[PDB]
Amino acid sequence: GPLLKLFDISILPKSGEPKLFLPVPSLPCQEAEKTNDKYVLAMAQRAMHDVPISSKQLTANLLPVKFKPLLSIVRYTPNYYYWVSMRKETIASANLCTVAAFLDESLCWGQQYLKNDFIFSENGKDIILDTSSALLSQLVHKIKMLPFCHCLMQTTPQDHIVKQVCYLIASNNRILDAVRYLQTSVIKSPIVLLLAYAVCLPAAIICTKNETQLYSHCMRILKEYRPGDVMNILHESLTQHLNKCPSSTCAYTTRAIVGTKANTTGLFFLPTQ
């Protein structure tokens, strides 16, 4: 007979006059930051804007002296939700250049936690660490968009690992299950190593006292990292790929995922050797 109705007519909008913009919920004004340190205040003023990323370079062996000054904002700002929201906006709309920059920043920051005997916890109010889960999800989304030849044209592709780690995160954000799975094999692909680097901080933050062994594995990964590894791994893999992939279309699919340049809104620094 007649078909089943498609939808209830009551859910359609009350007005059919054209809307050119979505609502912007303007939010309260920011309080003054709680520091008089003019280097730290300058770093925050530049983090608020999309500065060319070369201007934000910070040599990693100078980061130790800057860590405690920068904590006055990164850990103790009165504008916590404003800063986290700013950074999540950039990450949720990030190309792979932007993802890579934020990953290197977060991992160098995490290594300073270790150097200073800080513990990792989700109640720690840290505007860099508290966007690391959003960043892991974004990295997985970029890897799933790349043509499959990027994973298959590595010396030891470990494609089954890439596929299962991406499924666990994309399907239901199963962060600790992804660590459990990564523990079962030696890592032999640089793409798998990027995923391990990206999972270690958001997993460590959510471990309870019943998951001390998983926490310990996350700290092994964090300690092996060296400043700049995420940018260095991707720069090398993408160059080799252009020199060997025979597809007539891969380069165009890939350029759109990688992007033209990074967006540094919310990024305090790009750490390098």
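Sequential numbering from 1, following the sequence displayed.
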### Query
On average, are the C-alpha B-factors higher in 156-164 or in 138-146?
156-164
### Task
Pick between 203-211 and 225-233: the one whose mean CA B-factor in the entry is higher.
203-211
## Note on the structure
Among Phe102, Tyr197, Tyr82, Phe120, the highest C-alpha B-factor in the PDB entry belongs to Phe120
### Query
Hey, out of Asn243, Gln45, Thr59, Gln30, whose CA B-factor is highest in the deposited coordinates?
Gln30
### Chain thirds of CA B-factor: placement of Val65
highest
### Task
Quick one: classify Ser133 as lowest, middle or highest third of the chain based on its Cα B-factor.
lowest
### Query
Of the three thirds of its chain by CA temperature factor, lowest, middle or highest, which one includes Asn95?
lowest
### Task
Please place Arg87 in the lowest, middle or highest third of its chain by C-alpha B factor as given in the entry.
lowest
### For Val24, the third of its chain into which the C-alpha B factor falls
highest
